[PDB]
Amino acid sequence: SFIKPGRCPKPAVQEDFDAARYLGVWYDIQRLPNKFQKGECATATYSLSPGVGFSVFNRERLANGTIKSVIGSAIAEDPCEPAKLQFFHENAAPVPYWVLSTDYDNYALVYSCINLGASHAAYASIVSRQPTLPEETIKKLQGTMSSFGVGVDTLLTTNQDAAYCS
């Protein structure tokens, strides 16, 4: 999704990550530019799976008012690295999805990277259990992002205004 030079960094993930506590609704707060989000008001809904991992339901509002959504399935392929997921969205090739940091109740810092020779395509995201996230939490997560080569300057803020998104 977003090309930067160098090979993919390998940042720390959430230690002892617990997926059952990660389920539910997360709101997109900030994110690296990508090719899949085409609007605003983005939310992810993660739910229990009857097999392994969990189901994914992403949803956003387009500027012309059209609502768009996708379904996918998330799986930790190595049970010993539960924070290192892979998402299989409908009609999409698999993408990595690592949870760098989360407190389950408020925020989460998500990272994703795929190698491209001497370059890489990266995606990063700050999400929240609410349409807003406190300013301090955001600055902290931006802080870790800098350590693995994401520029805070390059981030897009997602519109989560209550009126516009209903």
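We number the residues from 1 along the sequence you see.
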| property | result |
| --- | --- |
| Given 131 to 139 and 49 to 57, the range whose Cα B-factors average higher in the PDB entry | 131 to 139 |
| Third of the chain's Cα B-factor distribution that residue 147 belongs to, per the entry | highest |
| For residue 158, the third of its chain into which the C-alpha B factor falls | highest |
| Lowest, middle or highest third - CA B-factor, residue 43 | highest |
| Chain thirds of CA B-factor: placement of residue 71 | middle |
| Residue 80 - which third its CA temperature factor falls in, relative to the rest of the chain | middle |
